[PDB]
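Q:
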Amino acid sequence: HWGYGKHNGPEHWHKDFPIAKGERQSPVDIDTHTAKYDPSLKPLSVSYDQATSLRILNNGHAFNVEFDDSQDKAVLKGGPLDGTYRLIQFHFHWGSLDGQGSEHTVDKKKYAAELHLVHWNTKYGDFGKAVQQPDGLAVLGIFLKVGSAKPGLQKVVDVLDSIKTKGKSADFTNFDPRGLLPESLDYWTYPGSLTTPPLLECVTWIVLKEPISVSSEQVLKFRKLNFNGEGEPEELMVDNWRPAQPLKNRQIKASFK
Ligand SMILES: NS(=O)(=O)c1ccc2c(c1)CCC2
Ligand SMILES: NS(=O)(=O)c1ccc2c(c1)CCC2
Ligand SMILES: [Cl-]
Ligand SMILES: [Zn+2]
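Counted the way the entry's author numbering counts, the sequence shown spans residues 4 to 125, 127 to 261.
This is the structure in structure tokens:
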């Protein structure tokens, strides 16, 4: 099916997912000079103290660290958000080289990777109903640059060997996502979509300005994962990112000046 190869990559998605050429597609380039400070934005609130991770899964496109969202534990609110958004999972997008990998770009600058913490609007009951609403999801995006190692990411890195191929999963409890956040919560926000099929336009994007630093060794291990399933020819899981899409009739707002 869809993927990131020459014959099933981003340029092919529109054939089965026409919304790929929609009016609010993601990711987008963040023109820092065109972005405008928005005083109407409320303080951003990331409350991950009671987060309960459960499992990590290689879905053949990336790997998801899943959380128990049956109760209001890890939640995101404030900022441009109305109501409470519950954390369901996080994953990354990365490249084959340090010079590429992120989906969103800043003044056309591409980072080595990008972390996506996915949340759904609790006023819709569950994730399924949420993705049928224009404000159903909120994704917190964080850029990754190569430099010093990120201590809080190591536990994720060391379990990847157990989920090398598509379909494989492993227990992953007691992981604290607070260890993946940068110091500052300054951010840019705009209305967008899922960056992979089905590309649903139900997302409020909140992209942090400050990137986190991860070591070359850590990202190198991300690149050892496979897109393929067990027993199939090896196709390294790299460059699983979608390029910037037309901003069209949208404005990116900044939480700072
Ligand atoms: N349109 S899409 O979802 O990218 C897609 C789905 C299946 C297949 C191709 C492209 C090419 C080979 C088979
Ligand atoms: N890359 S993204 O926009 O964060 C994204 C793309 C697809 C899906 C989710 C999040 C949640 C379930 C399906
Ligand atoms: Cl390939
Ligand atoms: Zn993503």
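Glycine residues also receive a C-beta, built at the ideal position from the N, C-alpha and C atoms.
Locate the beta strand (DSSP E) running through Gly235, then write down its first and last residues.
A: First-last for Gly235: undefined, no H or E at that position.
Q: For the alpha helix (DSSP H) containing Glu221, list its first residue and its last residue.
A: Looking at the DSSP string, the run of the alpha helix (DSSP H) that includes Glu221 is 220-226.
Q: Quick one: what's got a C-beta closer than 6 Å to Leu224's C-beta in the same chain, skipping five residues either side?
A: The answer is none, since no qualifying residue turns up.
Q: For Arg227, which residues of its own chain have a beta-carbon under 8 Å away from its beta-carbon, when the five flanking residues on both sides are left out?
A: Within the same chain, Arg227 has close Cβ partners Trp97, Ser99, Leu240, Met241, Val242.
Q: For the pair the region 28-42 and the region 250-261, tell me if three or more CB-CB distances fall below 8 Å.
A: Yes, the region 28-42 is in contact with the region 250-261.
Q: Nearest CA to the CA of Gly196: which residue from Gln249, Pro215, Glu69?
A: Ranking the options by Cα distance to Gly196, first place goes to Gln249.
Q: For the alpha helix (DSSP H) that contains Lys213, what are its first and last residues?
A: Looking at the DSSP string, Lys213 is not in any alpha helix (DSSP H), and its letter there is neither H nor E.
Q: Below 8 Å, how does it come out for the region 16-28 and the region 197-215: are there three or more Cβ pairs, yes or no?
A: Judged by Cβ distances under 8 Å, the region 16-28 makes contact with the region 197-215, as three or more pairs qualify.
Q: As a quick check of your reading: which residues have a C-beta less than 6 Å from at least one non-hydrogen atom of ligand 4, in chain order?
A: Every residue passing the under-6 Å Cβ criterion appears here: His94, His96, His119, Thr199.
Q: Determine the direct distance from the alpha carbon of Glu238 to that of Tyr114, and round the result to whole angstroms.
A: Spanning the two alpha carbons is a distance of roughly 25 Å.
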